[PDB]
Enquirer: 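Take this structure, written in structure tokens, and hold onto it; I'll ask about it next.
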Amino acid sequence: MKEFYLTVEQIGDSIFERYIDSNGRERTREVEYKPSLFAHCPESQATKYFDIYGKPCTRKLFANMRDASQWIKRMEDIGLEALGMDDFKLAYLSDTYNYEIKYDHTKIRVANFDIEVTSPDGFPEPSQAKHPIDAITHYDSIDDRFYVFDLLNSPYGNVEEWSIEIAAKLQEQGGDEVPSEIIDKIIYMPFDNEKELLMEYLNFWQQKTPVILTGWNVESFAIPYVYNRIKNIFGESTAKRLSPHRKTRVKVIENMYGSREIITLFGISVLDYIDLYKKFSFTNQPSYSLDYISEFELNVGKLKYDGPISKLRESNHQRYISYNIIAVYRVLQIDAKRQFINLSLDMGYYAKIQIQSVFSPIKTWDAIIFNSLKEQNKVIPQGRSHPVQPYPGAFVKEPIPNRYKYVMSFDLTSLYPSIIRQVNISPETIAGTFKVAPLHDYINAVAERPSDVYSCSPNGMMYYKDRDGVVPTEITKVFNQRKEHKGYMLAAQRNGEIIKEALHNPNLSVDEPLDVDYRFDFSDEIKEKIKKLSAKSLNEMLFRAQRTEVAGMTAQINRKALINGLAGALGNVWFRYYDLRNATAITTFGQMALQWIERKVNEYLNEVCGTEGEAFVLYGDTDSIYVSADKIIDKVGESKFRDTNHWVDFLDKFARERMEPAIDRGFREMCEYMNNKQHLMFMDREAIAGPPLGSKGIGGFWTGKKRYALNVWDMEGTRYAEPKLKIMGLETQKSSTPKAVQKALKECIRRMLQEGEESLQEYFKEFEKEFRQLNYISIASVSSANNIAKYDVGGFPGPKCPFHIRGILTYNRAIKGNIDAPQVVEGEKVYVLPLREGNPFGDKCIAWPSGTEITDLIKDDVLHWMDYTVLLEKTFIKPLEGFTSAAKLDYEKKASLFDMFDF
DNA sequence: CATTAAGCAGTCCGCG
DNA sequence: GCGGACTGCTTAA
Ligand SMILES: Nc1ncnc2c1ncn2[C@H]1C[C@H](O)[C@@H](COP(=O)(O)OP(=O)(O)OP(=O)(O)O)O1
Ligand SMILES: [Ca+2]
Ligand SMILES: [Ca+2]
Ligand SMILES: [Ca+2]
Ligand SMILES: [Ca+2]
Ligand SMILES: [Ca+2]
């Protein structure tokens with residue numbers, strides 16, 4: 001097999017590399033790497049090395065990495081560019097692996113771990129590590145085993161061995177319900193003292209050294225706790241055995257009233273699953289406890305136990321260990337679904353970077369571009385200092401706030417990457433400039449054609465049409481990958497709906513799910529077999545379809561994120577290829593494209609409808625247009641349609657057969673106008689929206705820019721079994737909105753869009769009547785808590801103190817002196833509740849860590865003093881008032897002359 | 001070592 | 001009791 005790296009580090013003049021050899025064996029080597037850098041040289045000097053602008057360079061081979069670094073400094077002092085890859089480990093990987101890396105994940109040791117630490121005096125701080133580590137569960141991906149290290153004797157209590165037999169039993173039978181499928185994979189190791197536990201764990205670690213180290217919150221808790229605990233007991237050099245190169249770096253962060261740290265373990269790639277989830281999941285959660293996320297991702301219930309965690313080991317050691325194990329497993333379950341470790345490996349090896357560098361789009365792209373240029377013997381430019389400078393982005397149309405009955409939307413494929421490719425935007429493809437006209441002059445096709453020779457953006461930039469650019473070349477590769485995966489995702493989505501339709505008529509039989517690949521649209525023969533399946537088999541197939549969709553989503557959305565990341569990197573001062581000419585060439589072109597096509601669509605629809613000057617495009621944001629289809633439906637007459645699906649089919653056909661060709665013609669004209677390299681402005685129909693035929697539903701509404709709701713029947717070619725609400729920007733979509741309020745507002749919208757005003761009024765009446773009965777957590781608002789210290793004046797709110805920070809301060813005073821109340825952590829999220837006048841907390845609100853029950857001591861007082869009136873008005877009524885006024889509806893029956901009668 | 005546009009909640013201040 | 005300037009937070013893209 002071809003060799004591939006596992007980890008790489010620079011330590012002084014040495015590169016330390018862990019890798020898999022040609023026999024599939026894990027190896028380590030230390031290399032005194034001899035890096036090269038480059039300097040511009042005279043034309044008369046024959047060379048094979050050229051910078052990206054074709055200027056000749058001479059190669060400077062250094063005896064060591066420090067010499068190369070020192071030379072960079074001297075060149076800066078002289079005032080001359082020092083070219084080439086200055087991150088030497090990237091150059092080393094590029095030199096060592098001068099081919100496309102084919103890696104074998106089965107050879108890569110992925111470790112998932114979590115530790116338990118009993119602490120009778122508040123949160124056990126990793127930087128202090130003053131309490132015994134009393135449990136470790138460490139899952140090894142190569143062994144496929146959960147290694148459980150259990151401390152039986154501690155200053156905080158002596159306990160009996162954990163029982164695997166009780167652990168397997170149902171919770172309803174006194175057990176812990178450790179999943180049956182991992183019972184046989186547990187290797188249990190009890191210890192009589194902590195020193196022996198930790199010594200054995202370190203020995204184990206040497207035998208099975210993680211390459212990828214993950215788990216929930218490992219970077220901020222488990223890793224620094226284990227490191228510091230071992231340091232305190234055995235000394236720092238023993239602790240450094242956690243690094244296969246025995247080198248660590250301690251990063252101390254000061255927070256005025258916190259002081260925590262992160263430990264870099266050289267030779268290990270730490271990918272904290274919380275960080276992976278935050279980067280790759282495209283959610284924004286009100287809480288990041290493993291309980292909350294596991295519930296969200298897997299629909300599994302919270303791991304329940306009685307009493308505080310500080311007392312769980314002593315009272316119920318059995319459950320304590322079981323919950324440690326299950327916690328480790330739940331991360332594995334989330335990854336089985338989301339596949340973020342797979343993604344990280346794919347991306348890391350594609351770029352030839354340290355795997356943990358997938359968190360940095362700048363590092364990732366720098367490496368991809370360096371490798372691409374190196375293949376052509378080209379030399380990359382030196383990174384330079386740039387002052388931060390704001391620049392213009394996308395265009396967003398101001399919508400007329402209103403209900404909108406029939407809507408069809410259209411969207412440009414992968415806009416910013418497509419602009420890059422169409423225009424040919426790259427650092428080395430810049431051909432010059434032209435004199436800009438006002439943007440509206442381009443939009444309206446009245447400005448002089450910018451160039452008949454070069455490819456242009458309305459920001460004034462010109463690019464070569466007959467040269468390949470490294471940015472377009474490499475962005476195209478990732479786009480094409482993205483496209484493949486999105487295809488699989490959409491196919492799985494369509495397949496899911498086929499199964500959902502068949503679930504309306506399940507067969508009474510004993511059968512099995514069909515062996516199919518959900519990444520491809522089901523054949524007619526598969527569809528025939530599906531219509532004969534049992535509910536059990538259909539539901540299993542739907543689970544598999546949805547899981548395929550999720551896998552596809554992870555793969556496509558994050559490749560989309562990477563390529564969009566390149567467009568944005570051009571506007572980040574730390575990017576080697578920072579250039580606002582290129583960054584704004586993209587965004588300005590996008591503004592033109594959107595407004596150009598708005599014009600073209602208005603012109604076209606007026607033409608086919610026999611009218612003039614009517615506004616069909618009601619809204620647009622960045623690369624999308626929303627077209628009012630009322631006149632289209634009216635042109636034929638609503639009476640002509642047999643059911644909802646009939647008009648949906650009609651509009652689908654209309655968009656594909658009539659509008660899309662007109663849109664394509666419009667964009668081809670724009671491409672000729674800008675004299676672009678390749679036409680890539682592909683705008684396809686996205687949503688078809690409207691009320692159910694015959695209903696009093698309003699179909700859709702806009703309240704303003706980035707704020708709308710649509711009742712959707714078909715999305716990007718997926719014909720839904722049941723209409724789906726597309727709500728953007730409204731409070732239902734915000735993690736700050738109380739959970740039950742999101743729910744109630746969504747039903748309010750559903751009723752508006754599908755059923756009408758009277759249905760809405762009936763629901764509002766009910767929710768207002770029952771509001772006071774909802775669980776307090778379900779009606780609490782949520783906020784991130786930043787700069788708490790800034791507004792903290794002796795436990796009281798300083799000037800301009802934000803509402804949620806005021807709540808936190810109220811909480812801190814309420815829990816003062818109590819050494820077992822959960823402290824609010826800077827930067828993390830809190831639940832927030834308003835408090836009635838004259839409450840014992842002495843302020844208008846309280847806040848506490850999100851995803852948690854408020855501590856028992858003050859829970860009673862919170863519940864008693866909760867301001868339900870304020871809460872309802874602010875979180876529910878006020879947003880709903882916004883939706884209904886825009887939609888020209890009332891959520892409450894208004895008074896009228898009819899009130900004089902008895903109905 | 002490392003994208004912009006834009007809406008809403010809230011504080012402060014002004015307001016016989 | 002609101003509106004304008006301003007900060008903070010969180011979306012859409
Ligand atoms: N998360 C983001 N970060 C940076 N730029 C973004 C982001 N989302 C969107 N943009 C910019 C770049 C996109 O090309 C443009 C249009 O957004 P959008 O339509 O969501 O995706 P897209 O056009 O890139 O892909 P798709 O093919 O899925 O439509 O807005
Ligand atoms: Ca725990
Ligand atoms: Ca798009
Ligand atoms: Ca059937
Ligand atoms: Ca879009
Ligand atoms: Ca599309």
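Atoms considered below: every heavy atom in the structure, side chains included; atoms not considered: hydrogens, waters and symmetry mates. Per chain, numbering begins at 1; letters A, B, ... match sequence-line order.
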Enquirer: NA contact type, A:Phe575, heavy-atom cut-off 4.0 Å: base, sugar-phosphate, or nothing?
Expert: nothing

Enquirer: What is the nucleic acid contact for A:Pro799, judged by heavy atoms within less than 4.0 Å: base, sugar-phosphate only, or nothing?
Expert: sugar-phosphate

Enquirer: For A:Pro879, answer base if it contacts any base atom (sugar-phosphate contacts may also be present), sugar-phosphate if it contacts only those atoms, and nothing otherwise; contact means non-hydrogen atoms under 4.0 Å.
Expert: nothing

Enquirer: Going by the side-chain contact (heavy atoms from CB on, under 4.5 Å) test, name the single residue among A:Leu871, A:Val741, A:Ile779 that passes it with A:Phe876.
Expert: A:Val741

Enquirer: Under a 3.5 Å threshold, yes or no: a donor from one side chain and an acceptor from the other, between A:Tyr404 and A:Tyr619?
Expert: no

Enquirer: Would you say a side-chain N or O of A:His804 is under 4.0 Å from OP1 or OP2 of C:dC9?
Expert: yes

Enquirer: Just N and O in the side chain of A:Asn572: are any of them under 4.0 Å from OP1 or OP2 of B:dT3?
Expert: yes

Enquirer: With a 4.0 Å limit, can you tell me whether A:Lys706 has a side-chain N or O closer than that to the phosphate oxygens OP1/OP2 of B:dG7?
Expert: no

Enquirer: Where the side chain of A:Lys705 is defined as all heavy atoms beyond and including C-beta, which of B:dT4, B:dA9, B:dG7 is the nearest nucleotide?
Expert: B:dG7

Enquirer: Whole Å only: how far is the NZ atom of A:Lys874 from the P atom of B:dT11?
Expert: 8 Å

Enquirer: Nearest whole Å is fine: how far is C:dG8 P from A:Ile808 CD1?
Expert: 14 Å

Enquirer: A:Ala394 near the nucleic acid: base, sugar-phosphate alone, or nothing, with a heavy-atom cut-off under 4.0 Å?
Expert: sugar-phosphate

Enquirer: Evaluate whether atom CZ of A:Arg384 has more than 12 neighbouring non-hydrogen atoms of other residues, nucleotides or ligands under 6.0 angstrom away.
Expert: yes

Enquirer: Return the value, rounded to whole Å, for the distance between atom CG of A:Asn284 and atom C1' of B:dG7.
Expert: 16 Å

Enquirer: Which of these nucleotides, C:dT11, B:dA6, B:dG10, is closest to any side-chain atom of A:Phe803?
Expert: B:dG10

Enquirer: Check the distance between C:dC9's P and A:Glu828's CD and give it to me in whole angstrom.
Expert: 14 Å

Enquirer: Using whole Å, report how far CG of A:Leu871 lies from P of B:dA9.
Expert: 14 Å

Enquirer: Atom OH of A:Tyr626 and atom P of C:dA12: how far apart are they, to the nearest Å?
Expert: 11 Å

Enquirer: Are any side-chain N or O atoms of A:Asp366 and backbone N or O atoms of A:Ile362, one a donor and one an acceptor, separated by less than 3.5 Å?
Expert: no

Enquirer: Have a look at A:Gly729 and say if it touches a base, only the backbone sugar-phosphate, or nothing, with a 4.0 Å heavy-atom cut-off.
Expert: sugar-phosphate

Enquirer: Taking for each residue the nucleotide of DNA chain B bearing the nearest heavy atom, is the 5' side occupied by A:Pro802 or by A:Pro390?
Expert: A:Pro390

Enquirer: Rounded to the nearest angstrom, tell me the gap between atom CZ in A:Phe876 and atom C1' in B:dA9.
Expert: 18 Å

Enquirer: So what does A:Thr587 touch, heavy atoms closer than 4.0 Å: a base, only the sugar-phosphate, or nothing?
Expert: nothing

Enquirer: For A:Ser357, enumerate each residue passing the side-chain hydrogen bond (donor to acceptor under 3.5 Å, both in side chains) test, keeping only those at least two apart in sequence or located in another chain.
Expert: none

Enquirer: By the 4.0 Å heavy-atom rule, please label A:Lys844 as base, sugar-phosphate, or nothing.
Expert: sugar-phosphate

Enquirer: Taking the side chain of A:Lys363 as its heavy atoms from C-beta onward, which of B:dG7, B:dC1, B:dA2 lies nearest to it?
Expert: B:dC1

Enquirer: State plainly whether the residues A:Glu9 and A:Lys247 are in salt-bridge range, i.e. N to O under 4.0 Å.
Expert: no

Enquirer: Would you say a side-chain N or O of A:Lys734 is under 4.0 Å from OP1 or OP2 of B:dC8?
Expert: no

Enquirer: Does the side chain of A:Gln70 pick up a donor-acceptor pair with the side chain of A:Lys73 at under 3.5 Å?
Expert: no

Enquirer: Which residues pass the salt bridge (charged side-chain N to carboxylate O under 4.0 Å, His left out) test with A:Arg707, sequence neighbours left out?
Expert: none

Enquirer: In whole angstrom, what separates A:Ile362's CD1 from B:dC1's P?
Expert: 9 Å

Enquirer: With a 4.0 Å cut-off on N to O distance, would you call A:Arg836 and A:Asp867 a salt bridge?
Expert: no

Enquirer: For A:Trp574 and B:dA2, say yes or no: do the ring centres fall under 5.5 Å of each other while the ring planes differ by less than 30°?
Expert: yes

Enquirer: So which of residues 782-795 of chain A are in contact with DNA chain C, with a heavy-atom cut-off of under 4.0 Å?
Expert: A:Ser783, A:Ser784, A:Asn786, A:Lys790, A:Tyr791

